[PDB]
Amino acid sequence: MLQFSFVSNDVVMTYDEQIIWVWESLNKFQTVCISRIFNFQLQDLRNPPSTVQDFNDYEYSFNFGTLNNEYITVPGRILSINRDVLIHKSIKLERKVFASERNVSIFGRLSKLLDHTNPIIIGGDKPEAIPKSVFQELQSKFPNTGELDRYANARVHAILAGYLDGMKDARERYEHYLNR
């Protein structure tokens, strides 16, 4: 589970399976990927675990962004992009802000489409900011669980129907040469 909190001016993302793999990845490469979208460096772990820690009790608290003025500045490296990401405080920090269904990095996709090195700004009164209403509209258009469930079911139906329909057509052509 992902839980966002504000401690002072620091935005903290708490991560709650055997969670030892997070610490092992940080020991091996001094980086870790959480929820498939968040890339954290060892310097971002506020609570480095004990050598004898029981990880059942433990939760990982990571520095995710900085609260400056009314905007949460997420470093681009956290999202594997070059630009930084600014989310206004009026927008609730949750995973759906950054990820669509099937772990699609919203800002990872947007940054590749942008022709400017200027940072992504969502909400607030900054003039260059994607309006909160425009961002929320994109969120509602992004594929949800039901759309992916219908896509999978339709694909299975089309495949099974194509086998039955082709079987019937092949039988019909053979029976065109058959009295019975």
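All residue numbers refer to positions in the sequence shown, first residue = 1.
Missing deposited residues between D16 and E17: 4 to 9, all without coordinates in the entry. As recorded in the PDB entry, 51-59 is the stretch of 51-59 and 133-141 with the greater mean C-alpha temperature factor. Between the stretches 62-70 and 114-122, it is 114-122 that shows the larger average CA temperature factor. As recorded in the PDB entry, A170 shows the highest C-alpha B-factor of the residues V12, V22, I159, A170. Per the PDB record, residue ranking by Cα B-factor puts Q3 in the middle third of the chain. In the deposited entry, the Cα temperature factor of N82 sits in the top third of values across the chain's modelled residues. Split the chain's modelled residues into thirds by C-alpha temperature factor. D44 is in the lowest one.
Looking at the C-alpha B-factors along this chain, the one for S35 belongs to the highest third. Looking at the C-alpha B-factors along this chain, the one for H88 belongs to the lowest third.
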